[PDB]
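In what follows, a structure is listed as C-alpha cells, so that the remarks can point back to it.
This chain uses plain numbering: 1 for the first residue, then up along the sequence. What you see below is based on every heavy atom in this structure, not just the backbone, and it leaves out hydrogens, waters and symmetry mates. Ligands are counted one by one from 1 in listed order, and the atoms in each one are counted from 1 as well.
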Amino acid sequence: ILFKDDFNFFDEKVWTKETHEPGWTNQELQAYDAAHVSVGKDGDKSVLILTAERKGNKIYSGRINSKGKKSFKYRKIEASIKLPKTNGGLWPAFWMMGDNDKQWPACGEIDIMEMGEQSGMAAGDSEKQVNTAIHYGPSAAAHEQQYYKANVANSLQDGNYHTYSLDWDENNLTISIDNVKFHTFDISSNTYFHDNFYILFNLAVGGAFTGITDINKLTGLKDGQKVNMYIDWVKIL
Ligand SMILES: OC[C@H]1O[C@@H](O[C@H]2[C@H](O)[C@@H](O)[C@H](O[C@H]3[C@H](O)[C@@H](O)[C@H](O[C@@H]4[C@@H](O)[C@H](O)O[C@H](CO)[C@H]4O)O[C@@H]3CO)O[C@@H]2CO)[C@H](O)[C@@H](O)[C@@H]1O
Ligand SMILES: [Ca+2]
C-alpha cells in the first residue's frame with residue numbers, strides 16, 4: 001500500500017472541499033459547499049460522507065478532490081463506497097483528473113464509476129447500471145471521450161459497501177467492481193493518461209447525464225430530503 005485514507009478524520013493535507021454554484025457544470029442542480037462534506041461513523045466504520053439535501057428549490061451537496069495534495073500514476077486505486085438509490089436524478093461519481101494546470105479536458109479525466117444515467121432509469125436498471133469513461137483532448141472544442149456502459153450482476157445501491165478499482169499501466173485502464181472486471185480502456189497511444197492524476201468524489205443532483213435538468217422533474221431528492229454517499233476508504237497500491 002502506497003497510500004490509504006481510512007477516513008477516520010478529514011485530512012486537509014490530502015483533500016479539499018469544493019464550493020460551486022448550481023449549474024456550474026453539466027446543468028447540475030446542486031450547489032456544492034463545505035458543510036455537505038463530513039467524516040463520521042456509519043455503525044462501526046469511520047467514513048467520508050457526501051450529503052445531498054434539498055430545502056425547497058435549493059439543493060446542496062458535497063464534492064472533494066486531492067488536486068495538488070495527492071496524485072499518482074500507474075497504480076491500482078480502490079475505494080469502498082456505499083451509494084444511495086439514485087433513481088430520479090442523483091449522480092454519484094468516483095473519478096480522477098490530471099494533476100496539472102491544463103484546462104479540462106486537456107488535463108485528462110478518468111471516470112472510474114458513475115451511476116444515475118438517464119438510460120439506467122429508462123432500462124429499469126438504475127441500481128445496476130454503471131458508466132465508466134475517459135475524456136481528453138486539447139480544448140473543450142476538441143473534447144474526445146470514450147464510454148462503456150453496462151449492468152453489474154447485483155445492486156450497488158443495496159445498503160452495502162462496494163469496491164470500485166482502477167488498475168492503470170502504460171497500456172490499459174481497467175475498471176473492476178467487487179473484483180469483477182467491468183471494462184478496459186486502451187490508452188497505449190493516448191497521451192493524456194501518462195502523468196499524475198488526483199482523485200475526486202462527488203454527489204451531483206440532476207444534470208444532463210441524468211436526463212433531469214428541471215427541479216420539477218427531480219424525484220430522487222424531494223423537498224426536505226437528505227441522502228448520503230459514504231466512502232469507507234480509498235487506497236493506492
Ligand atoms: O478557468 C476557466 C473557467 O473555469 C470554469 O469552470 C470550469 C472548470 O475549469 C472545468 O474544469 C470544468 O470542466 C468540467 C466539465 O464542464 C464537465 O463536463 C465535466 O463533467 C464530468 C464528466 O466529464 C465525467 O464524465 O463525469 C464527471 C463526474 O460525474 C463529471 O463531473 O467535469 C469537468 C470537471 O469539473 O468546467 C467548469 C465550468 O465550465 C469556471 O467556472 C470559470 O469561472 C472559469 O473562468
Ligand atoms: Ca473507514
Side-chain angles (χ1 to χ4, degrees), residues 1 4-11 14-16 18-32 38-40 42-50 52 61-67 78-83 86 89-100 102 104-120 129-149 161 163-164 173 175 183 185 192 197-213 229-235:
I1 293 161
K4 191 185 226 285
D5 196 338
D6 284 305
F7 292 118
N8 295 322
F9 64 108
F10 186 81
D11 193 341
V14 185
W15 306 104
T16 302
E18 292 192 42
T19 305
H20 304 284
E21 291 295 301
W24 173 59
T25 63
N26 306 310
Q27 305 173 71
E28 289 156 29
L29 301 163
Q30 83 299 327
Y32 286 125
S38 75
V39 160
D42 178 16
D44 281 6
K45 294 170 177 74
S46 189
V47 300
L48 177 73
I49 310 169
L50 303 184
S61 200
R63 166 158 165 171
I64 72 172
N65 74 74
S66 69
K67 187 176 192 315
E78 295 201 312
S80 176
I81 305 172
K82 172 179 162 183
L83 293 177
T86 54
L90 299 180
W91 178 12
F94 168 38
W95 56 300
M96 303 173 78
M97 278 189 298
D99 188 31
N100 57 59
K102 299 177 203 268
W104 179 94
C107 52
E109 183 194 338
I110 304 166
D111 307 318
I112 299 165
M113 176 280 291
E114 300 186 73
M115 301 192 80
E117 206 177 347
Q118 173 177 38
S119 59
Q129 194 200 255
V130 177
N131 204 286
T132 184
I134 52 169
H135 307 242
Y136 54 93
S139 65
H143 172 208
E144 301 181 58
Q145 63 203 97
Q146 292 176 45
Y147 272 67
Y148 172 83
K149 202 193 306 201
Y161 290 77
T163 304
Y164 301 86
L173 299 169
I175 294 86
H183 191 57
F185 293 102
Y192 290 90
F197 276 58
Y198 61 88
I199 299 162
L200 307 95
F201 297 104
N202 71 283
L203 178 56
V205 187
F209 179 82
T210 72
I212 300 165
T213 51
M229 183 179 161
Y230 304 94
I231 302 86
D232 189 9
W233 49 258
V234 55
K235 72 173 178 199

(request) Could you check whether the rings of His135 and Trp104 sit parallel, tilted or perpendicular, using 30° and 60° as the cut-offs? (result)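 Tilted.
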(request) Mind telling me whether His20 and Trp24 have parallel, tilted or perpendicular rings, with 30° and 60° as the class edges? (result)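 Judged by the thresholds at 30° and 60°, the geometry between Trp24 and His20 is parallel.
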Atoms of ligand 1, numbered as shown, that sit under 4.0 Å from any heavy atom of [X]:
X      : value
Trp91  : 29 (O)
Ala93  : 28 (C), 29 (O)
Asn26  : 17 (C), 18 (O), 19 (C), 20 (O), 21 (C), 30 (C), 31 (O)
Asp111 : 24 (C), 25 (O), 26 (O), 27 (C)
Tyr147 : 25 (O)

(request) For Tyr192 and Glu109, test the side chains for any donor-to-acceptor distance below 3.5 angstrom and give the result as yes or no. (result) no
(message) Side chains of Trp15 and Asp5: any donor to acceptor distance under 3.5 Å?
(response)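 Checked: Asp5/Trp15 side chains pair up, N/O donor to acceptor below 3.5 Å.
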Verify, without hydrogens or angle tests, whether [X] (side chain) and [Y] (backbone) share a donor-acceptor contact under 3.5 angstrom.
X     : Y      : answer
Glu18 : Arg63  : no
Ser80 : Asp232 : no
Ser66 : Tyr198 : no
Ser46 : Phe7   : yes

(request) Just let me know how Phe209 lines up against ligand 1, side chain, backbone, both or neither, with a heavy-atom cut-off below 4.0 Å. (result) neither
(request) With heavy atoms only and a cut-off of under 4.0 Å, state how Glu109 meets ligand 1: side chain, backbone, both or neither. (result)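 The answer is the side chain.
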(request) Please indicate whether any nitrogen or oxygen in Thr25 is less than 3.5 Å from any nitrogen or oxygen in ligand 1. (result) no
(request) May I ask you to check if ligand 1 and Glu28 share an N or O to N or O distance below 3.5 Å? (result) no
(request) Indicate the atoms forming the closest heavy-atom contact of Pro22 with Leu29, along with that distance. (result)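 Reported closest heavy-atom pair: CB-O, 3.5 Å.
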(message) Taking backbone and side chain together, does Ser46 place any N/O/S atom at a distance below 3.0 Å from the Ca ion (ligand 2)?
(response)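 Of the N, O and S atoms in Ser46, at least one lies under 3.0 Å from the Ca ion (ligand 2), which means yes.
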(message) Taking only non-hydrogen atoms of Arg63, do any sit less than 4.0 angstrom from ligand 1?
(response) yes
(message) Heavy atoms only: which of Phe201, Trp104, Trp24 lies closest to atom 7 (C) of ligand 1?
(response) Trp24
(request) Measure from the Ca ion (ligand 2) to every N/O/S atom of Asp6 and report the name of the nearest one. (result) O
